[PDB]
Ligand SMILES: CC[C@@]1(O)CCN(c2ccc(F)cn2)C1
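Only one chain is given next, in C-alpha cells, and it is the form deposited without this ligand.
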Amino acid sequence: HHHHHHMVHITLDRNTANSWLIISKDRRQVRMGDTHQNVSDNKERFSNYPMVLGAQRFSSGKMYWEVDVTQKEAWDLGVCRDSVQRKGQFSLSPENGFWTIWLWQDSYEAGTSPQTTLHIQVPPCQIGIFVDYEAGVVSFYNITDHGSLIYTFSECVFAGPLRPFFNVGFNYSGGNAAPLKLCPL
C-alpha cells in the first residue's frame, strides 16, 4: 500500500477508558492494570471490556495510523462510531457501529456478523489501519509482512463521526499483559 502519507497522530482519550486501563503520559500506549486504577466512573467509559477510544474524531478524508501488538494473545483494533454503546454486553459488528479485526485463541478474525476468518501467514507485530471516509472503506495492513492486506470493509455506512478504537484484551492467562502502542510516523 501507499497509504502511509495520510498518517495522523492518534492519542488515547483517558475519559473513555475502562477503569482498569493504564494510559501512558504521552497518551500513546495503553495496558491492562491488575486492579481498578482509582478513577471516577462516567457515562463515556466502556464498562464490560478493556476498551478505549482515540481522542480524534473523523468525519471526512483519508486517515492512516499504526499500532504495535507485540506479544499479545488477544486484542481488537479498528474504528467505531462516536455514539457506540459503552455499558453492558455487545458484539463488535458494523450494525453496532464497529469496523474491527481481532486476535483471539490463536486465530485472527474480522468483526463482521457473523465473524470472518482471516488468512495471515506472518503473525503481525504492527497493524496499519486506513480509513477513507468518503469511499466508505476501512482497511487493515500487516506491517511485519511488507504491508500486505489483511482485510477491507467496503460499502461502510459510518452514519456518524468515527473514532479510533482499541481493546487490550483481558489477561486471565498471564500471557496478555503487554500494551497496545501507537507507532511513530
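All residue numbers are counted from 1 along the displayed sequence.
Although it is not shown, the form solved in complex with this ligand is what the next lines describe.
- Within 4.5 Å of any heavy atom of this ligand in the deposited complex lies no heavy atom of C183.
- Not displayed here, this ligand is approached by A178 to within 4.5 Å at the level of heavy atoms in the deposited complex.
- With a 4.5 Å cutoff on heavy atoms, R31 counts as touching this ligand in the deposited complex.
- Residues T70, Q71 of 46 to 85 are found to place at least one heavy atom within 4.5 Å of this ligand in the deposited complex.
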